[PDB]
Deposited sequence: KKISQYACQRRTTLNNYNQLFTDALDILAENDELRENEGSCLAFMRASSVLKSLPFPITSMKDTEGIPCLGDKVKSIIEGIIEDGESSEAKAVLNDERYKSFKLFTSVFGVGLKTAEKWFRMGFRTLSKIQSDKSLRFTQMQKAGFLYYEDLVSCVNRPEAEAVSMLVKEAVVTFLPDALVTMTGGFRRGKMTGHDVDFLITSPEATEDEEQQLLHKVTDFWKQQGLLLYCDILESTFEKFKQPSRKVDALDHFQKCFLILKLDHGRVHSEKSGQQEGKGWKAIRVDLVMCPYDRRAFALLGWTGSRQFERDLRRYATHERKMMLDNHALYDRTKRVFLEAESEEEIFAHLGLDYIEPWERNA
């Protein structure tokens, strides 16, 4: 079978046979991410990712005897799961207070490690003592992250997801009827839930100016109707010929939308009417659209390896907008995702086989 070490040469759907180990590794892994420990975090991810791809549940250390990205520091945490049935380590981090406050604080829109650590040291340990504290100061992001904390913690359905997609179209389609709005990210990977609904937008006719102002024009429109609860519009920071660095994104746009419950058709058929929704819009040149999709579809690990594989194996540089060959000193183009995979010389993996 020979299991590639790269997630991009692996098929990882949503059929995990090793959640037991997986959530242990993601916990331990996510802990080093909060522990500013960039190195061990990697280890756990590679390992966790790998397992998520296995077609069977590991029931003994013998089953490990082949898989890659399986280091000692790890098999030891694995061996504990196999026996105890649970993880002493994993369980520990769960109780660690620093961890717990970092997760909890960080779970607020506008809150990252910086501000997370800030509040920790100040002795804060809850979001109630944080909001109420008549001293601290908050960004508009944090105000918005807090103001709608409740709904944002809640997952987002495909119903709700699709519900948003209509909205994102009736708008975009209005200012650029020759534009394609495709849902990206996790839902595009086959997931039943997610925390933000992503969309990549592109247009053939779209001009520089047009493809630019479009994003404002849409949010304007949402503002005029009280659906825009938050909005941050970063202008593109990409030059066309700026090869993949060994930031730099298109005009993206983070925001919270007011999803009116009446527009969501689900098996469920109220208090406010609506639900706050995190939404990301990415605008992109029609000619680079194939890299943005590959760039905006899952997953961290898939994207992570796609890149290291690209470099370390093909002396090529993959981007969210280009694919440069350092050898042929030429920029490869792709009218599709399949082409890109083709270029890197990889069997095509589907969006749902990308949940590495």
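What the model leaves out of the deposited chain are the segments 247-250, 274-276.
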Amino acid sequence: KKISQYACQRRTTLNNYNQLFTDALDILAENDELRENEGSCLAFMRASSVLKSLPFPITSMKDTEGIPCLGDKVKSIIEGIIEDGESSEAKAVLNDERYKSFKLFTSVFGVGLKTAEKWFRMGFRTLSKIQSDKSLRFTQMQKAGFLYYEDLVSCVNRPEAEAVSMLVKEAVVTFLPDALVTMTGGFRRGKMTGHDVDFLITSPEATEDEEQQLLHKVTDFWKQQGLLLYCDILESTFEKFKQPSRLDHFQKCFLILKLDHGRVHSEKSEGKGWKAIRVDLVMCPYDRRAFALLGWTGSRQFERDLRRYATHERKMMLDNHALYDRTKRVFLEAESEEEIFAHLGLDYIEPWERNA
From here on, numbers count along this sequence of modelled residues.
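Remark: stretch with higher mean C-alpha B factor among 131-139 and 160-168 is 131-139. Per the PDB record, of the two stretches 47-55 and 310-318, 310-318 carries the greater mean B-factor over its C-alpha atoms. By the numbers in the PDB entry, the CA B factor is greatest at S245 among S107, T193, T182, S245. Going by the entry's values, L215 shows the largest Cα B-factor out of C284, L215, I256, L147. Sort the modelled residues of the chain by CA B factor and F199 lands in the lowest third. In the deposited entry, the Cα temperature factor of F221 places it in the highest third of its chain's modelled residues. Sort the chain's modelled residues by C-alpha temperature factor and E97 lands in the middle third, per the entry. Looking at the C-alpha B-factors along this chain, the one for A292 belongs to the lowest third. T115: CA B factor lies in the middle third for its chain, per the PDB record.
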